[PDB]
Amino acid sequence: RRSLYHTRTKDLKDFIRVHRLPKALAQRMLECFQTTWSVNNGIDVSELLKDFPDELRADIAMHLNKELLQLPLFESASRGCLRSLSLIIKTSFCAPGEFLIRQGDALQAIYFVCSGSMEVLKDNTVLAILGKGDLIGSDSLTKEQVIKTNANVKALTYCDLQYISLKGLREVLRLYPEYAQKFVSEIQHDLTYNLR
């Protein structure tokens, strides 16, 4: 709720505190945490608007204008489909050096860059540089099995990202299936990079 990393860091620090865990264990834990941290593995899968009446949901949605949903990719989506997608889009800041996605891991969401620049790295080799407007994920998002990511994604500068968890994206797509048909078709056009 600002940057995912700071929020996650603070959750860990409470966990460590509420169980009066020793300093050497807590250090090892925090050491391991930022050594293993990546946004993709820390994403916020909550959905706090889920239990609101549809009128309240519409009034809320009406006030949002998510950059992500402005892609050509969403030109064909119905008003209701877009309102639901807009209610489950989240954000996270990302600092230089920070990992969005570590190679080999499961893809958990699609990511959109508001601002910032980022590098794609298979092993040790830039394969792409992304920036404002770029889309990140896979081709086969409805499968719905698992998607091992073929490269790492790190922030070069300070980034602000938008995302939708895949679980959240598929529940919504199941609901607007004629549109889903065009998600799958038109995705290649905006998919700035494919991690399948």
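Residue numbers here begin at 1 and follow the sequence given.
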Output the stretch having the higher mean C-alpha B factor in the entry; the candidates are 117 to 125 and 70 to 78.
117 to 125
So 163 to 171 or 140 to 148, which one's hotter by mean CA B-factor in the entry?
140 to 148
Sorting the chain's modelled residues by C-alpha B-factor and splitting them into thirds places residue 41 in the middle
Per the entry's values, where does residue 32 land by CA temperature factor relative to the rest of its chain, in the lowest, middle or highest third?
highest
Binned into thirds over the chain's modelled residues, the C-alpha B-factor of residue 18 lands in the highest
Name the third of the chain's ranked CA B-factors that contains residue 59, choosing lowest, middle or highest.
lowest
Sorting the chain's modelled residues by C-alpha B-factor, tell me whether residue 12 ends up in the lowest, middle or highest third.
lowest
